[PDB]
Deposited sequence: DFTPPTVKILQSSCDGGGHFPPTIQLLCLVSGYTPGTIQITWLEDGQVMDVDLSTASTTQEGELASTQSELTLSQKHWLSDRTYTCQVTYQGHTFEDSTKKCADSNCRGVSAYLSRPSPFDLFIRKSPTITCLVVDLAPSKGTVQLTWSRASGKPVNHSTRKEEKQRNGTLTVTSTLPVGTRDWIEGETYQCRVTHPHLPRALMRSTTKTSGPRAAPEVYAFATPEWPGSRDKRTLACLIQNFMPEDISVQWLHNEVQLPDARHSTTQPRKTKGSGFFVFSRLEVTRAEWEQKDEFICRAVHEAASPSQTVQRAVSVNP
């Protein structure tokens, strides 16, 4: 019945080279809300900014209103690391959103759960990988959190000393199948002593369109010299989003992942991604049962998040 106001801040984009414009415009949006008394105030480090610095406007279309306020800042003030708060008092109730310049020296990566773990195994996990760090006295702490503030499970901790003298800190967090699918956002804070401030990475399910993959499996003809082995190739394409899991099945058995090589998802010329999978098979396997299945596990695949194609060595 009632629609509460949603506060979001949009900022001036950087150019093609990643350079800041001469002035930064912060645009506060109070979009799609039930009409009522509204006030927008801008704060610079918790202090009320002068009315002349910002310009607001309210527009009513249908049963809902939409208010916006634009604040103009100099490049000096934005680069000074000052925090800018947009304070919206709607129907006497305060709603706030804050922003500052986005937070060199060589990195952290946060992955989404694999479609196989989410849909087949039904035990998804997210991995925070922290790389390119120099050997220095003091541990590297990785902390997991949810946007909802709900509790997280206990994670794993793998530390590896690489050949080049660098260290990799791997944390694997188990997530809920129901939680991920319902759009939970998982964050991983990297508290490092050599950094001044935390390196935070966040992950959540795909936003845009979903398109099921097309699976095609091929068997190479006999090549002179390789009479007792064959190569099976699989083209999995036109899927959206890029998140895909590939498996090869022979004789009602799922072959080990070590048996095959799958490429990384690359864009097609039109819409969607593509992957290739390569499996080397022996005469003993095809003479046992001449059917090898290439299976793709994808979120857009119906009815069970799976699409597959069989291939036989001999016609």
*Compare what was deposited with what's modelled and send me the C-alpha-less stretches, numbered from 1.*
104 to 106, 110
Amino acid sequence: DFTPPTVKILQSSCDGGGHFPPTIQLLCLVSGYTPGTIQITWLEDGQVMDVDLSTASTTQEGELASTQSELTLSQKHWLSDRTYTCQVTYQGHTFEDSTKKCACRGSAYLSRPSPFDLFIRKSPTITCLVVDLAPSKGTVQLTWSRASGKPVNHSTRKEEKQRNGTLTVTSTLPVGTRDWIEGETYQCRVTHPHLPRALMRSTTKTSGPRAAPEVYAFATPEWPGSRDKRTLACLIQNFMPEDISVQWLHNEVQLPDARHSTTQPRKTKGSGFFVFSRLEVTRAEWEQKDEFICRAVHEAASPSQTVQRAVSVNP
From here on, numbers count along this sequence of modelled residues.
*So which stretch wins on mean C-alpha B-factor, 164 to 172 or 141 to 149?*
164 to 172
*If you average the CA temperature factors over each stretch, which comes out higher, 47 to 55 or 274 to 282?*
47 to 55
*Select one of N238, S123, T204, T85: the residue whose C-alpha shows the highest B-factor in the crystal structure entry.*
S123
*If you check the C-alpha B-factor for each of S74, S98, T185, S155 in the entry, which is highest?*
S155
*Comparing against every modelled residue in the chain, figure out the third that the C-alpha B-factor of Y109 lands in (lowest, middle or highest).*
highest
_Where the record places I244 (Cα B-factor, split into thirds across the chain)_ = lowest
*Would you please rank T41 by its C-alpha temperature factor against the other modelled residues of its chain and give the third it falls in: lowest, middle or highest?*
lowest
*Taking the chain's C-alpha temperature factors as the reference, tell me which third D179 falls into: lowest, middle or highest.*
highest
*So where's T3 on the chain's Cα temperature factor ranking, which third?*
highest
